Amino acid sequence: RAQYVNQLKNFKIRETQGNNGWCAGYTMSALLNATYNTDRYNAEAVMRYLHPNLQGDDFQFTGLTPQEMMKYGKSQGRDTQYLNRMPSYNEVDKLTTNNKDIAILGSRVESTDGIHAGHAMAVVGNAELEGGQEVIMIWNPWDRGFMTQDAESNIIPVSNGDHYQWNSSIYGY
């Protein structure tokens, strides 16, 4: 379907997110595993590192702030940077070529509640489909595969039917 594909060369899906709030741990572990070419990172261990004192339900379900995500990157030797938007196709291409990882900070469009839940996902790279469409490839931690995201759209339709707006990004993992 694509005749240009640029992906982080060692990205692999090793674990998936079930009944927990560790999406940002999933995301950062997969990115850091890809860029360092390792398997030392995993969601639970990242969350334990950032939340050493939580146990029980609080440890199971408390996620990470952007600040915590940024501090984890820096702790692991990476010059991570906040981007208060979604990158362009071009920006993903360049980052990907440079073996730098991108974390997606999104929020749910749907809301029963008036609360719009936060979610973190990983960029895997970018491609040009036959016919010219520019797409960014995304790993939602829930999933055993990748989504193809129109690079002009900042709404990500996810595998349970929900929609997440790609609000911001942390690049440089």
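Residues numbered from 1 in each chain as written, not as in the entry; some residues may be left out. Heavy atoms only, no water. Residues with missing side-chain atoms left out of burial classes, pairs and counts.

Engineer: So, the UniProt feature "active site" (unreviewed entry) in the protein chain: which residues are in play, and what are the values?
Structural biologist: Here, the residues flagged by UniProt with the feature "active site" (unreviewed entry) are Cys23, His119 and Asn140. These annotated residues cover 118 residues of sequence, but their C-alpha atoms sit close together, with the largest distance between any two at 9.0 Å. Filtering the just-named annotated residues for those lining the largest pocket gives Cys23 and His119. By the secondary structure assignment, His119 is in strand β4 (residues 118–129). Assessed through its relative accessible area of 7%, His119 is described here as buried. Checked against the element boundaries, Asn140 lands in the loop between β5 (134–139) and β6 (147–150). For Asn140, the contacting residues outside a window of four places in its chain are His119, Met121, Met147, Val158 and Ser159. (UniProt positions renumbered as here; feature names shortened; annotations may be inferred. 1 Å grid on protein atoms, 1.4 Å probe; cavity = no way out; pocket = protein on both sides within 12 Å on 5 of 7 lines; lining within 4 Å. Helix = DSSP H or I, 4+ residues; strand = E, 2+ residues; numbered from the N terminus. Buried < 20%, exposed > 50% of the residue type's maximum accessible area, 1.4 Å probe, protein only. Contact = heavy atoms within 4.5 Å.)

Engineer: How would you explain the pattern of salt bridges if you had to name every residue and give the values?
Structural biologist: Applying the stated criterion across every chain, the model contains three salt bridges. Here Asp162 makes a salt bridge to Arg108, at a shortest N to O gap of 3.0 Å. With a gap of 54 residues between them, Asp162 in the loop between β7 (155–157) and β8 (163–171) and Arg108 in strand β3 (residues 102–108) connect regions that are remote in the sequence. Accessibility expressed as a relative area gives 10% for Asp162, which makes it buried. (Salt bridge = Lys/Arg side-chain N within 4 Å of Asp/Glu carboxyl O.)

Engineer: I'd love a proper account of the pairing of β6, names of residues and values included.
Structural biologist: The two faces of a sheet get side chains in turn, since along a regular strand they alternate between them. Going residue by residue along β6, you find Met147 and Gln149 tucked away on one face and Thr148 and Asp150 left uncovered on the opposite face. Relative to β6, β5 runs antiparallel, the two sharing four bridges. Among the inter-strand pairings, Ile136 is bridged to a residue of β6, identified as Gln149. (Pairing = 2+ DSSP bridges.)

Engineer: So, a negative patch on the surface: which residues are in play, and what are the values?
Structural biologist: Taken together, the side chains of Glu128, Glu134, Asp150 and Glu152 present a region of like negative charge at the surface. Assignment of secondary structure puts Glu152 in the loop between β6 and β7. (Patch = residues over 30% accessible without salt bridge, like charges linked within 9 Å, V, L, I, M, F, W, Y side chains within 5 Å. Areas by Shrake-Rupley, 256 points an atom, 1.4 Å probe, with all protein chains shown as cover. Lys, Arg positive; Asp, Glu negative; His and termini not counted. Charge placed at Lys NZ, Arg CZ, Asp CG, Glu CD.)

Engineer: Which residues make up the layout of surface pockets, and what values do they have?
Structural biologist: Put simply, the largest pocket is a space of about 290 Å³. Contributing to the lining of the largest pocket are 19 residues, with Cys23, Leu64, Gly118, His119 and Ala120 lying nearest its centre. When contributions to the lining of the largest pocket are tallied by element, the ones reaching two or more residues are α1 (23–36), α4 (66–75), β3 and β4. Looking at the lining of the largest pocket, the element that brings in the most residues is β4, giving three residues. (Points joined across faces, edges and corners; volume = space filled by probe spheres on them.)

Engineer: Explain the nonpolar core to me, using residue names and the numbers behind them.
Structural biologist: Counting residues in hydrophobic clusters, the biggest one holds 31 residues, and the most contacted among them are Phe11, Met28, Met69 and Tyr173. For this core, the secondary structure elements donating two or more residues are α1, α2 (43–50), α4, β3, β4 and β5. Sorting elements by how many residues they give to this core places α1 first, with eight residues. Filtering out sequence-adjacent residues up to four positions away, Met28 remains in contact with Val46, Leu50, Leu64, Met69, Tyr72 and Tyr173. (Core = buried A, V, L, I, M, F, W, Y, C linked by side-chain atoms within 4.5 Å.)

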